[PDB]
Amino acid sequence: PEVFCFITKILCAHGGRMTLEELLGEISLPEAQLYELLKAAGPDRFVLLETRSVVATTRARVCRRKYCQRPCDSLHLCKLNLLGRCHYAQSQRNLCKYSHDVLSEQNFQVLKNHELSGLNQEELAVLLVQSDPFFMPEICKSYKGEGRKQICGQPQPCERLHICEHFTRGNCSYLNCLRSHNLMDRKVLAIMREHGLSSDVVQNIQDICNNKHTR
RNA sequence: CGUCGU
Ligand SMILES: [Zn+2]
Ligand SMILES: [Zn+2]
Ligand SMILES: [Zn+2]
Ligand SMILES: [Zn+2]
């Protein structure tokens with residue numbers, strides 16, 4: 001029960017993804033023990049890839065509401081502050097309607113349910129930016145397929161993601177979806193990078209979503 | 001002027 005957090009912390013320390021070989025070069029287990037532990041926690045915690053790689057993930061999500069009334073089993077926090085980027089950490093302190101206490105008692109309890117309470121703020125941020133689609137740039141609501149040319153402000157090119165929103169939440173079931181499931185697209189990667197997500201992070205998001213899509 | 005906003 002405590003071994004899973006141990007692994008996650010190391011994965012989160014190394015960008016959220018490590019090869020199985022490189023993982024073994026950090027721990028005191030033979031490959032047989034490690035590999036059977038990853039399978040146990042399941043793909044909602046560790047996504048396994050083909051050399052072999054492991055991608056860290058979690059079901060834990062940040063509440064999307066501006067103001068939320070309990071009950072709610074999501075984390076409640078300022079994403080910006082978690083990333084250390086909220087400009088209202090010092091000067092106003094108010095005018096940010098979101099919690100700057102990452103490890104609040106309500107949050108600590110959510111973290112417990114997802115077996116993440118041993119994580120520091122940096123690891124938690126690493127895990128969430130690649131697991132919680134709420135940390136992604138806005139997805140274009142008018143986008144309808146790459147065989148169209150819809151009004152995303154033609155004279156001012158769309159600054160939003162043109163991908164399938166259902167895919168990002170692991171819920172695309174459309175037989176022959178027309179919306180892109182390809183996050184590694186050049187223009188997507190640019191918006192992603194502008195938003196603070198490197199191509200390495202997007203690749204992890206891509207692989208987590210792919211795993212969820214191949215249900 | 002689309003959520004988290006010098
Ligand atoms: Zn909530
Ligand atoms: Zn804030
Ligand atoms: Zn668009
Ligand atoms: Zn889709």
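Protein chains get the first letters and strands the later ones, always in sequence-line order, with residue 1 at the start of each.
Of the charged side-chain nitrogens involved, at least one lies within less than 4.0 Å of a carboxylate oxygen, so that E165(A) and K141(A) count as a salt-bridged pair. Using a 4.0 Å cut-off between charged nitrogen and carboxylate oxygen, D73(A) and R61(A) do not count as a salt-bridge pair. Comment: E115(A) does not engage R59(A) in a salt bridge, judged by the lack of any side-chain N to carboxylate O separation of less than 4.0 angstrom.
Looking only at distances, no side-chain donor or acceptor of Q154(A) sits under 3.5 Å from a matching main-chain atom of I151(A). Not a single donor-acceptor pair under 3.5 Å links the side chain of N81(A) to the backbone N or O of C96(A). Remark: side-chain polar atoms of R179(A) are not paired, donor with acceptor, to backbone N or O of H162(A) under 3.5 angstrom. Under the 3.5 Å distance criterion, the side-chain polar atoms of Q121(A) are matched with a main-chain donor or acceptor of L82(A).
Cation-pi geometry between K79(A) and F135(A) is met: under 6.0 angstrom from the ring centre, within 45 degrees of the axis.
Applying the side chain to side chain donor-acceptor pair (under 3.5 Å) criterion to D132(A), with sequence neighbours excluded, gives no partner residue. Residues forming a side-chain contact (heavy atoms from CB on, under 4.5 Å) with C209(A) (at least two apart in sequence, or on another chain): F167(A), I205(A).
Listed in residue order, the members of residues 95-111 of chain A having a heavy atom less than 4.0 Å from RNA chain B are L95(A), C96(A), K97(A), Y98(A). Of the residues in residues 180-204 of chain A, not one places a heavy atom less than 4.0 Å from an atom of RNA chain B. Near RNA chain B, meaning a heavy atom under 4.0 Å away, the residues from residues 75-85 of chain A are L77(A), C78(A), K79(A), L80(A).
Looking only at side-chain heavy atoms (C-beta outward), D200(A) and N204(A) stay at 4.5 Å or farther from each other.
On the nucleic acid side, RNA chain B contacts chain A at distances under 4.0 Å to non-hydrogen atoms, with the end points of that region at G2(B) to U6(B).
Residue contacts shown for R160(A) include a base, since a base heavy atom lies under 4.0 Å away.
No side-chain donor-acceptor contact under 3.5 Å links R17(A) and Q130(A).
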